DNA sequence: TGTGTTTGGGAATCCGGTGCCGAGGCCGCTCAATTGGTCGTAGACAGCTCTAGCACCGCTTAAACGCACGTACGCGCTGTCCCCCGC
DNA sequence: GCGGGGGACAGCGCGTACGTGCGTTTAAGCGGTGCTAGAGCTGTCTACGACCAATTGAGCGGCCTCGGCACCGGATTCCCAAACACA
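And the structure:
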């Protein structure tokens with residue numbers, strides 16, 4: 038029939054998403070996650086919709102930057118697959134805890 | 039007699055992490071700071087404590103940079119630090135574009 | 029209640045730069061945020077300089093020093109040039 | 028002869044409270060002075076921001092408490108709030 | 014009565030910047046040339062970014078500037094990138110960039 | 014006449030902190046309890062650091078605290094380490110730390 | 020209703036999409052959980068501050084301005100939501 | 025004049041960082057980075073001095089120049 | 001070809017003497033904190049409006065999930081060659 | 001500056017885990033409705049903090065002393081690097 042080689046569609050998806058701007062996390066599950074996290078600090082908290090939007094924007098930006106640094110670390114290790122140790126190294130160097 | 043390679047490296051690592059004094063010769067660093075400052079304003083004078091502060095800050099910065107470089111080198115499954123490790127650490131830290 | 033923005037000034041500047049290009053509302057929001065952020069950076073640095081020179085007024089000199097501290101090389105050069113030009117013209121008239 | 032301001036004597040009193048048979052070198056006293064000034068400026072600046080944010084004109088103990096919660100890590104913030112509230116309680120209870 | 018901005022040849026509001034400086038508790042007193050200098054600097058930076066963003070928008074056959082264009086303008090100019098380095102832009106995306114290792118031989 | 018610090022049961026100078034708050038242009042007005050609360054917080058933080066530093070000094074058979082002991086105290090306490098993370102301490106040194114990979118088999 | 024175990028709403032394809040935006044070509048299988056950890060931490064750090072800023076103002080509702088202010092307090096300023 | 029930062033000095037700085045083995049090309053890189061850092065600090069320090077009408081760079085100017093980059097330094101009158 | 005243990009030997013550590021300089025205490029002074037009192041206003045409180053956050057429902061379809069299948073990348077192993085290390 | 005040995009880098013194999021694709025399932029997204037908690041604004045009045053003149057003692061500069069710490073040498077100990085006996 039027809040089947041593309043491994044990694045061709047990966048590059049195609051890289052070009053499509055690095056070219057677009059739309060948010061890559063589903064909005065409703067993220068809203069639920071935010072609410073359930075904030076439930077641990079004060080009960081019965083309401084949120085402006087734009088507050089959750091700002092939180093999602095910030096989280097996606099943070100994760101994209103983190104994935105850039107993870108990919109750099111992985112390439113530095115002569116690998117192509119990113120691994121959790123790459124994430125741990127990137128956050129360790131970045132100064133996060 | 040001879041010591042096995044890398045053993046004295048470890049001994050000096052312990053020796054220098056145990057201590058606290060400055061690891062750069064004071065007078066070459068003072069000459070370098072004065073030389074650098076000559077490009078910004080001419081005929082400047084430095085209090086000794088000013089040069090001491092600059093030396094302490096620079097040494098701390100370089101030690102932190104070498105910590106990150108060591109992390110990068112271990113990540114690539116090496117023991118020797120290479121200029122690529124410094125560049126990757128500085129790039130992740132956000133200093134190098 | 030009244031609301032504060034730099035929308036109209038940014039739009040005027042853009043028309044001075046690219047006379048046939050418009051700008052979204054979202055991009056105007058971002059430009060307003062950027063102008064504010066830079067304003068606070070400069071003003072805070074100038075206040076710091078003034079209090080750490082035991083000095084009580086914020087003059088154009090404090091603003092200029094803050095600009096050299098905040099802006100990168102060529103940007104600081106040109107910004108200082110524009111600021112000096114503006115102060116000279118303002119005081120001449 | 029200028030006027031110099033420091034926290035050497037108060038830091039020494041706190042040290043005598045904590046470790047009575049223990050002294051502090053002059054370099055360490057300078058470091059502790061720097062630390063105290065740094066923390067003071069951090070807390071005061073955060074409190075000033077909070078006072079401004081709420082379009083508010085006064086820095087009260089509430090702003091200091093909120094700034095302490097914002098800056099210090101959790102357990103440290105909890106103990107710091109306990110100590111500060113205890114101190115203000117004692118200060119206002121007496122007269 | 015002619016406004017301070019007009020007398021200085023600017024488009025940013027000198028009087029408004031002066032008011033914010035006074036009502037911002039930066040210092041007890043504010044010189045006359047400080048708001049003029051600050052307004053000139055702000056106007057210059059805004060003009061630079063709007064230049065670059067308009068160029069980027071025209072590079073995409075777009076006649077309006079959107080946050081994506083602002084992000085491309087900022088991230089492509091190295092001194093602007095240094096200035097706005099710790100800043101994230103809503104709906105901004107990232108620069109198209111693929112490591113040369115990941116591309117096929 | 015009893016001092017404000019005494020009335021609050023503190024050893025840090027409440028009056029001095031109040032003076033610095035007024036003469037620091039943090040706000041136009043300063044509440045009565047603000048210097049007391051702030052002085053209490055500074056005293057508590059100083060007490061924590063002096064605790065940890067005294068312990069570290071006693072760990073080296075030393076009866077005086079030197080910058081090395083303060084540095085070790087800060088870097089060994091995780092909440093203090095978070096607080097003073099971007100801070101470098103003159104004559105402080107670093108924590109003894111060698112990666113487990115570098116040790117010989 | 021109680022809100023429980025919503026971290027699984029960050030699905031594997033969403034994490035892959037985020038990695039694609041980051042220029043990543045191959046993703047290990049253990050990445051997805053690690054990411055859900057990192058994200059959960061980031062959120063806790065941001066929300067704790069936003070909630071604090073809301074408590075101080077006596078409000079029961081977290082506004083977008085509190086989130087922006089918490090972010091800039093973490094040195095991670097955000098453009099486009101006011102302020 | 026950057027050469028005053030000798031090979032053994034960089035070796036010691038790396039040793040304090042826990043580095044066991046150092047390549048031969050590290051030194052010219054390290055010198056470069058350090059020089060850049062110094063220029064970025066000294067520039068600001070000098071700017072503070074020139075703003076203060078002074079001709080002497082004081083340790084306090086250096087402390088504020090370091091705090092500028094978020095490199096707060098304790099122990100020099102800060 | 002391999003490796004448990006040996007043992008002289010440099011290198012870090014402990015201990016005692018000593019001396020020296022800064023930390024801790026004491027005194028005289030002064031200036032900044034304290035007291036008491038006046039006065040202005042910042043904000044705490046009540047109270048009122050209206051918006052925008054929450055809860056729910058139904059429907060469509062796009063995305064997530066599970067699974068099959070194959071190949072290509074990670075990782076272990078071997079070799080060599082050279083370039084940092086120890087002196 | 002030099003001898004050399006370990007590590008970096010090259011090459012190969014293999015095996016399983018990740019990418020691609022297909023069909024099924026699920027819940028996200030959109031719209032539409034309704035309710036009410038709470039955000040935002042306004043008026044009052046009151047307690048609370050700024051300002052000022054007078055008092056004074058707490059803190060700061062200056063001197064002086066001695067003990068904690070640095071330093072030196074001598075003895076103790078503790079990791080070390082192959083060589084040997086023996087598998």
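Residue numbers (the authors' numbering), protein chains in the order written: chain a, 38 to 134; chain e, 39 to 135; chain h, 29 to 121; chain d, 28 to 122; chain g, 14 to 118; chain c, 14 to 118; chain b, 20 to 102; chain f, 25 to 102.
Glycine included, each C-beta is placed from N, C-alpha and C at the ideal position.
In the DSSP secondary-structure assignment, residue 100 (chain b) is not bridged to any residue. Runs of alpha helix (DSSP H) with 4 or more residues, each lying fully within the segment 38-100 of chain g, are found at 46-72, 80-89 and 91-96, listed in chain order.
For the segment 88-100 of chain c, the set of residues with a beta-carbon nearer than 8 Å to any beta-carbon of chain f comprises 99 and 100, in chain order. At least one CB of chain a lies nearer than 8 Å to the CB of residue 106 (chain e). The Cβ of residue 54 (chain e) sits closer than 8 Å to at least one Cβ of chain f. Between the segment 90-98 of chain a and the segment 51-68 of chain a there are three or more inter-stretch CB-CB distances shorter than 8 Å, so the stretches are counted as touching.
Under the three-state reduction of DSSP, residue 29 (chain b) is assigned to coil, being neither helix nor strand. Residues of chain c whose Cβ lies closer than 8 Å to the Cβ of residue 86 (chain e) do not exist, since the nearest Cβ in that chain is about 14 Å away. Look at the beta carbons and you see the segment 107-119 of chain a touching the segment 108-127 of chain e: at least three pairs across the two are nearer than 8 Å. Not a single C-beta of chain h is nearer than 8 Å to the C-beta of residue 109 (chain g).
Neighbours of residue 71 (chain b) in chain d, taken as residues at a C-beta separation under 7 Å, are given in chain order as 93, 96 and 97. The three-state secondary structure of residue 67 (chain d), taken from DSSP, is helix.
Boundaries of the alpha helix (DSSP H) harbouring residue 121 (chain a): 121-131, taken from the DSSP string.
In the DSSP assignment, residue 93 (chain h) falls within the alpha helix (DSSP H) that extends over 88-98. Taking C-beta separations shorter than 6 Å and ignoring five residues to either side along the sequence, the partners of residue 107 (chain d) in its chain run 95 and 99, following chain order. Beta-bridge pairing by DSSP links residue 94 (chain b) to no other residue. Taking 8 Å as the cut-off, the beta carbon of residue 35 (chain d) is found closer than this to the beta carbon of residue 60 (chain d). In terms of beta-carbon proximity, residue 134 (chain a) stays away from the interface with chain e, with every pair separated by 8 Å or more. Within 7 Å of the CB of residue 80 (chain g), the CB atoms of chain b belong to 99, in sequence order along the chain. For residue 14 (chain c), the closest Cβ of chain d is not nearer than 8 Å. Nearest neighbour of residue 32 (chain f) by Cα position, chosen from e:63, e:56 and e:58, turns out to be e:63. The alpha carbon of residue 71 (chain d) has as its nearest neighbour, out of d:55, d:58, d:56 and d:89, the alpha carbon of d:89. The Cβ atoms of residue 42 (chain d) and residue 71 (chain b) do not sit closer than 8 Å to each other.
Per DSSP, the continuous alpha helix (DSSP H) segment holding residue 75 (chain f) begins and ends at 50-75.
In this structure, the beta-carbon distance from residue 80 (chain g) to residue 45 (chain g) does not fall below 8 Å.
DSSP places residue 41 (chain h) inside the alpha helix (DSSP H), whose first and last residues are 35-45. Note that the C-beta distance between residue 50 (chain g) and residue 115 (chain h) is below 8 Å. Taking a contact to require three or more Cβ pairs closer than 8 Å, the segment 92-111 of chain g and the segment 83-101 of chain b qualify as touching. In this structure the segment 47-58 of chain f does not lie against the segment 117-130 of chain a, because fewer than three pairs of beta carbons, one per stretch, are closer than 8 Å.
About 6 Å separates the CB atoms of residue 101 (chain a) and residue 107 (chain g); that is less than 8 Å, so the two are in contact. At a Cβ-Cβ threshold of 8 Å, residue 76 (chain c) and residue 119 (chain d) do not count as neighbours. Residues 43, 47 and 48 of the same chain have their beta carbon placed closer than 7 Å to that of residue 34 (chain c), with the five preceding and five following residues left out of the count. Around residue 78 (chain h), the same chain offers 84, 85, 86 and 90 as residues with beta carbons nearer than 8 Å, after the five sequence neighbours per side are excluded. According to the DSSP assignment, residue 89 (chain a) belongs to the alpha helix (DSSP H) that extends over 86-113.
In this structure, the straight-line span from the alpha carbon of residue 73 (chain b) to that of residue 92 (chain d) is close to 14 Å. Excluding its 5 nearest sequence neighbours in each direction, residue 55 (chain c) has C-beta neighbours in its own chain below 8 Å: 25 and 30, listed in chain order.
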